[PDB]
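Take a look at this one chain, the form deposited in one PDB entry, written out in structure tokens.
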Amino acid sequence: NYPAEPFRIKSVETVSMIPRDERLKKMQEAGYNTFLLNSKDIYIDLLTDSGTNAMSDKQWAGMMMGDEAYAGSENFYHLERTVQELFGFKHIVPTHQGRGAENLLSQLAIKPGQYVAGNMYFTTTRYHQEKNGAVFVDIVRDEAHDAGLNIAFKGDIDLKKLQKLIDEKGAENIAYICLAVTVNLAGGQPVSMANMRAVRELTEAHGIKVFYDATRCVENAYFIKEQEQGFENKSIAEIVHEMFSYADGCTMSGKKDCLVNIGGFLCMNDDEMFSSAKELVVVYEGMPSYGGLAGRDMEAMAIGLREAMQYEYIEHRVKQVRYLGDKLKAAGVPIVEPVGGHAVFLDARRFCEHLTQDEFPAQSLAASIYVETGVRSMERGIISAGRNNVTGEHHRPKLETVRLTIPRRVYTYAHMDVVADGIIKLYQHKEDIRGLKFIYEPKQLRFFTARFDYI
């Protein structure tokens, strides 16, 4: 069920291994907010899968061959031809990471008052849409909003909803469909090739553009190879190329599936949009020949994207995350299902039914995990949702979760056991977990710097 790592360890990152009593002190110094912990004090850091990937020896060799010319860099040429080959789009503009590409796309592709419809949303992606005057419309299938429902390709768009938006608003009033692979907010859920095809077919008929939010497109391609009938003789590369054939362009974060610590890019087929993109990138990112990246980083990202196409690599990536989910589920620990490509989400509401949402069960569970194991996880619940600035009440999200987000190629199954075993042990005495109260609350971005104490 679970393959060994399809690589060896070339170099290691040293860790302190501080014991429980010392971790409790660090957690207190951090006001029980994992976002305030110091990296040097953490054994296993599952705060994010963004930008913390372990690069290969070949990428590090590329890092030594940075050609830092303002224009005409060999590294820009390599990235451009690699993305043209693997994603199949005509034009590429580098950006420093994914949200830089989102800024450009939304300024280029939206008229004020138009709709952008997508399969759920991501914070930066949707901000740039709305900042530019779009109204967001969620067209994901209804099941994706049910966190416990175990169905395949849970990230699929509901074609009926797309049809109704077209019927009610008119095609000329829809800027574009923003189709994300995988779907982050539903827990990293994949989208089927059948769905990408059907969405292309209906939008094309109406003259409507489609742009992917493509940050975990390789994880997605793996779910298609594993679970979609007809794809068993296809390579990961073949699946990735067909996926993008159903789009007019994409925004990409190299920090996720391109196996790098920084980097992103915007792709499109249209020449006029490319010309406009080049004049705007200069303002926000840099020249079209580097887009806010060192030459060595264009090189690392070109090499990493190609490494991601290796079947054994992405199979192990997804099955390692699956192992953690399987082990938690086998012990009765409540999690979002099915497990996604990049993370396991604990259902903190169910984990701590002895607590009210106003006692911050997700924030507290995350604190408990670090103290007991040296593992950092992210609060994705009531705290991150923020306070209603009109009423003064918490926004109360339906999802009250702790995200165990897994960087690529950094951890082993033994690290996964450290994580699972500690959570399972906490779950056996789940009632002992204490509620939290604010002792310091910022007006904005409160998850980042808020401090708490036990009730």
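Definition used throughout: the rigid core is the maximal C-alpha set that superposes within 1.5 Å between two forms. Heads up: residue numbers just count along the shown sequence, starting at 1.
Form deposited in another entry: not shown, discussed below.
A 2 Å or larger CA shift between this form and the one not shown, after fitting on the rigid core, occurs at just one of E204, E74, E372, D270, namely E372. Relative to the superposed rigid core, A362 undergoes a CA displacement of at least 2 Å between this form and the one not shown. The two forms, fitted on the rigid core, differ between this form and the one not shown by less than 2 Å at the CA of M65. Once you line up the core between this form and the one not shown, the Cα of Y222 stays within less than 2 Å of where it was.
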